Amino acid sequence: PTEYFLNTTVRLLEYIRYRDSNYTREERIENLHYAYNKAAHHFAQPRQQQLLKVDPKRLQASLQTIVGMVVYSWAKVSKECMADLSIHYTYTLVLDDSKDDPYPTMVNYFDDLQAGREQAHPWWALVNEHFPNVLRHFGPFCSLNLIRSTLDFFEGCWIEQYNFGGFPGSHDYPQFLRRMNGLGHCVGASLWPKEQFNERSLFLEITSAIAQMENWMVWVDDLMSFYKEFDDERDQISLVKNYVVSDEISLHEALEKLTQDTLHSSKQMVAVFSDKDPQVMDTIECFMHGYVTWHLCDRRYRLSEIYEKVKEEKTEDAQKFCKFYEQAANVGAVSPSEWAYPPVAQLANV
């Protein structure tokens, strides 16, 4: 519940050059609706309705969070791409929320796979069937990265169910699990649609982006999610918490290790890509600011509950905060009623 969030954020927004996202409320609304619309229609189909066991109210919320995440972060990709990426990252978020045991449905995973038989686990059944709509936007290398990260992610959610923060002294455990379910190579490779980027011409810059972006993305999220994952921790495990349990350190030391990493990550991100192919830098830069924007506005992070508490300050922290925060709401704050409609359950009913 600290206030250190200030120096961490500003240093974070000034390091990446958080000069707001790259859109106009008109354009943001344009993409949000097209994305939501196609995804909303997809999840409302009978087959998707039957195999994806999810509470409507929650699927609706999950879909809206993701479309936001995508449209706001993958700014330079086509409308179709944002939409297909929204369907995929919505499947991942729904899995992250399941409590069903993967074990029994994973017993004949390879043999069914190798044989081309529908997977026993319903989530694999749907995602794999839909996957081509995501992969059509990319070359073979980027596709491999999307496939692996999603397979890793599935193991991550498997492990994340034992709600294990690690054995004390198991120093390699924390980051092991975090990379496992961070979709780092999925996110980092989906930033390069073959339509505007050549996978062979920019192989090296793309590879480097996947390696560096994997940590920036997950770390920044863990950072923005601190004010969230504690005000109502439910036997929760998290990168920050697992550091405590495993490295045997205090919460302040933990959240400090993380913040130091995020800053170094941001620093090297600019140092390495600043002078590379301008189009690459542009996508990278839009993701960072957009990902930040999305975090500041989405309900899921309740970052609103830290506005007025510092909107009456006069320092170099609680002040350079809202100066940025506000910028977020100027384009990031958009009433759902302007794009998220009709609700999924409604299309499903018809």
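The numbering used is simple: start at 1 and walk along the sequence shown.
- When the mean C-alpha temperature factors of 301-309 and 26-34 are read from the deposited coordinates, 301-309 comes out higher.
- When 122-130 is weighed against 237-245, 237-245 comes out higher, by mean CA B-factor as recorded in the entry.
- Ranked by Cα temperature factor within the chain, residue 204 sits in the lowest third according to the deposited record.
- Placement of the Cα temperature factor of residue 260 within the chain: middle third of the modelled residues, per the deposited record.
- Residue 341 sits in the lowest third of its chain by CA B factor, as recorded in the PDB entry.
- Remark: residue 274 belongs to the highest third of its chain, ranked by C-alpha B-factor as recorded.
- Per-chain ranking of the deposited C-alpha B factor places residue 64 in the lowest third.
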